[PDB]
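Asks: Need coordinates for the below:
(one chain, ligands or ions: 11)
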Amino acid sequence: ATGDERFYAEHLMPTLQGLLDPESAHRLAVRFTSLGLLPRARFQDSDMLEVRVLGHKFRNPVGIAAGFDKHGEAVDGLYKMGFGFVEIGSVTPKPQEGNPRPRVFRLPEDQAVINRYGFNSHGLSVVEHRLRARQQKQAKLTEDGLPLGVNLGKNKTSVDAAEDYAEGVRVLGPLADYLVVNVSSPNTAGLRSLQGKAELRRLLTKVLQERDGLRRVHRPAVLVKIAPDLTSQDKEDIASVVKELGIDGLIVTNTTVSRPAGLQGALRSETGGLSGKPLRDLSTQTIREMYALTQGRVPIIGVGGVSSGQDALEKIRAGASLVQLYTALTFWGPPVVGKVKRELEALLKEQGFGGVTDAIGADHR
Ligand SMILES: Cc1cc2nc3c(=O)[nH]c(=O)nc-3n(C[C@H](O)[C@H](O)[C@H](O)COP(=O)(O)O)c2cc1C
Ligand SMILES: Cc1ccccc1-c1ccc(-c2cc(C(=O)O)c3c(c2)nnn3C)cc1
Ligand SMILES: CCCCCCCCCCC[N+](C)(C)[O-]
Ligand SMILES: CCCCCCCCCCC[N+](C)(C)[O-]
Ligand SMILES: CCCCCCCCCC[N+](C)(C)[O-]
Ligand SMILES: CCCCCCCCCC[N+](C)(C)[O-]
Ligand SMILES: O=C(O)c1cc(=O)[nH]c(=O)[nH]1
Ligand SMILES: [Cl-]
Ligand code: NA
Ligand code: NA
Ligand code: NA
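Replies: Residues are numbered from 1 along each chain as shown. Ligands and ions are numbered 1, 2, ... in the order given. What follows is the structure:
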């Protein structure tokens with residue numbers, strides 16, 4: 001352990017959390033990150049951490065999950081923090097405010113967060129201009145193994161979700177290495193029912209058709225992000241449609257609307273998606289199931305409650321090619337990225353794996 005990790009986890013982050021409400025802390029974090037005001041990223045990525053997936057090289061397999069940088073403002077500072085890939089969003093076609101405040105809650109005794117932001121978004125046009133302004137810099141980053149993903153949502157007033165997602169494909173698809181069809185937000189009425197078989201097949205057919213109409217050089221991979229709250233029938237159906245249509249990968253999982261037994265935080269009954277440690281093994285089991293249902297043929301990005309190298313390796317061994325985190329950053333701060341990477345490398349070596357690639361799906365073999 002480095003000095004920063006302990007100092008941030010034991011002194012800096014508790015003091016910030018005592019001074020600022022959760023959404024103010026989030027906005028300040030985005031601002032400091034966007035300006036590069038961040039502790040010295042003291043970890044050199046070993047070649048063991050490199051992963052080739054989704055038509056790209058990833059210098060390390062630890063990404064920032066959607067929701068931290070909703071409007072594409074802090075992309076370069078997130079690479080400086082040490083993430084191997086960045087996902088921005090969710091972005092909706094038109095700007096919209098999201099739910100009334102308060103809409104984010106800390107559950108520190110659970111190492112968890114509840115949020116009901118409701119897709120607060122600057123809109124596609126604003127994000128489009130932000131990404132265009134650094135598009136060549138991102139081309140170089142991607143070439144160097146630091147790809148960019150864009151997570152697409154839908155407006156609250158939209159009549160047909162498929163036209164919302166199609167517009168996101170047309171506008172931000174050419175600026176992304178991969179797109180994410182977010183059909184699993186718990187905070188937009190009726191959104192998650194897009195996960196059922198008949199609506200999903202029509203929706204994803206339209207999204208793939210639009211993606212295929214982009215010029216080859218600007219054509220992203222398309223992934224679907226699913227909830228952890230699905231029935232077995234839902235998961236079977238999603239796996240079936242993903243394979244029938246040639247979807248490029250899955251993100252597993254979004255936040256949960258459940259409230260597992262044992263939560264201690266005073267705010268556990270707030271409405272919203274729960275993230276962090278109480279989500280961890282629910283997410284890992286959903287990875288394990290979706291990997292088996294897709295025969296290991298569909299790349300998975302595993303996400304939910306990762307704060308250590310062991311947590312990351314469990315998801316990789318369950319079938320994730322890549323992992324993301326968000327909530328751990330809100331408790332440990334920026335040092336958590338280097339921490340997860342260093343512990344993952346040590347554990348790979350300890351378990352006899354030549355690299356991350358050899359551990360993907362290793363529990364199933
Ligand atoms: C405050 C907050 C906002 C989020 N907003 C989004 C979002 O806009 N789009 C999305 O697909 N996921 C969103 N998520 C979900 C995360 O991307 C991730 O799936 C989830 O939080 C589990 O990972 P974690 O336990 O490491 O935080 C949000 C999470 C949090 C905590
Ligand atoms: C300390 C620091 C230095 C340089 C750059 C960034 C940081 C930093 C500081 C705060 C956070 C943070 C905190 C919280 C919270 O609830 O307390 C969040 C968050 C981010 N996003 N959502 N929420 C609820 C993240 C990172
Ligand atoms: C009517 C639409 C007005 C613009 C959309 C609102 C943007 C919300 C900004 C919140 C940013 N953040 C995720 C960091 O809290
Ligand atoms: C306070 C940090 C604790 C980390 C581990 C907490 C255990 C969380 C268990 C999740 C609940 N579950 C869905 C599995 O029943
Ligand atoms: C988001 C609030 C952060 C407060 C503390 C941030 C410390 C800044 C890191 C130090 N330095 C600028 C040299 O990277
Ligand atoms: C082909 C090798 C696959 C895994 C080997 C290393 C695993 C070490 C721990 C195994 N375990 C005791 C947890 O079942
Ligand atoms: O904007 C939000 O409320 C939000 C979106 C999403 O996909 N997941 C989440 O937990 N929150
Ligand atoms: Cl373009
Ligand atoms: Na805000
Ligand atoms: Na089944
Ligand atoms: Na099908």
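
Asks: use CA for all of it now, contacts and neighbours both
Replies: Fine.

Asks: Chain neighbours aside, what residue packs nearest to residue 54?
Replies: Residue nearest to residue 54 in three dimensions, not counting chain neighbours: residue 221, with 6.5 Å by Cα to Cα, 6 or more residues apart in numbering.

Asks: these two touch, right, the one you found and residue 179?
Replies: Yes: assessed by Cα atoms under 8 Å, residue 221 is found in contact with residue 179 at 6.2 Å.

Asks: Which of these two has more residues huddled nearby?
Replies: The neighbour count for residue 221 versus residue 179, taken as other Cα atoms under 10 Å, is higher for residue 179 (28 against 21).

Asks: That one touches residue 223, doesn't it?
Replies: Yes: the criterion here is Cα under 8 Å, and residue 179 meets it with residue 223 at 6.2 Å.

Asks: Dead centre of this protein: give me the residue that sits there.
Replies: The residue lying closest to the centre of the chain (Cα atoms, centre = their mean) is residue 65, at 2.6 Å.

Asks: Surely residue 235 and residue 290 touch.
Replies: Yes: with contacts counted by Cα under 8 Å, residue 235 reaches residue 290, the gap being 7.0 Å.

Asks: can I assume residue 67 sits in a helix?
Replies: No: counting by DSSP: H, G, I helix; E, B strand; the rest coil, residue 67 is not part of a helix but coil.

Asks: Tell me how many other residues surround it.
Replies: Around residue 67 there are 17 residues (other Cα under 10 Å).

Asks: That one against residue 89, yeah?
Replies: Yes: the criterion here is Cα under 8 Å, and residue 67 meets it with residue 89 at 5.8 Å.

Asks: about what we covered before: measure the residue nearest to residue 54 to residue 351 for me?
Replies: The gap separating residue 221 from residue 351 is 32 Å, by Cα to Cα, to the nearest Å.

Asks: same question, residue 29
Replies: 36 Å.

Asks: Could you do residue 303 as well?
Replies: The value you get for residue 303 to residue 351, if Cα to Cα is used, is 22 Å.

Asks: Looking at the two, which is more packed in?
Replies: Counted by other Cα under 10 Å, residue 303 and residue 351 do not tie: residue 303 has more neighbours, with 31 against 9.

Asks: Show me what residue of this structure gets nearest to ligand 4.
Replies: residue 278 (3.4 Å; Cα to the nearest ligand atom).

Asks: Quick one: residues contacting that residue.
Replies: 110-112, 260, 263, 305 (Cα atoms under 8 Å, 6 or more residues apart in numbering).

Asks: Most neighbours of all these, which one?
Replies: Within the contacts of residue 278, most neighbours by other Cα under 10 Å means residue 305, with 27 neighbours.

Asks: what about it, is that helix, strand or coil?
Replies: Put simply, residue 305 is coil when judged by three-state DSSP.

Asks: which residues touch it?
Replies: Residue 305 is in contact with 275-281, 311, 325, 327-328, counting by Cα under 8 Å, 6+ apart.

Asks: Residue 272 against residue 188, yeah?
Replies: No: Residue 272 lies out of contact with residue 188 (Cα under 8 Å); the separation is 10.2 Å.

Asks: Looking at the two, which is more packed in?
Replies: Each of residue 272 and residue 188 has its neighbours counted (other Cα under 10 Å); residue 272 has more, 23 against 20.

Asks: Say whether ligand 1 is contacted by the helix or strand hosting residue 311.
Replies: Taking DSSP states H and E as the definition, one finds residue 311 inside helix 309-318. No: under the criterion of Cα under 6 Å from any ligand atom, ligand 1 is not reached by helix 309-318; the shortest gap measures 10.4 Å.

Asks: Dump the helix or strand that that helix is followed by to CSV, restricted to CA.
Replies: Toward the C-terminus, helix 309-318 is succeeded by strand 322-325 as the next helix or strand (DSSP H and E). Taking C-alpha atoms only, strand 322-325 is exported to CSV below (Å, rounded to 0.1, in the frame of the first residue of the first chain):
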residue,chain,number,x,y,z
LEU,A,322,-12.8,-5.9,-18.7
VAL,A,323,-14.1,-4.3,-15.4
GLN,A,324,-15.3,-0.9,-14.4
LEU,A,325,-15.8,0.8,-11.1
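
Asks: Is residue 150 located within a helix, as I assumed?
Replies: No: looking at residue 150 with three-state DSSP, it is strand, so not inside a helix.

Asks: Could you give the bridge partners of it?
Replies: Bridge pairing for residue 150 (DSSP bridges) gives the partners residue 88, residue 179.
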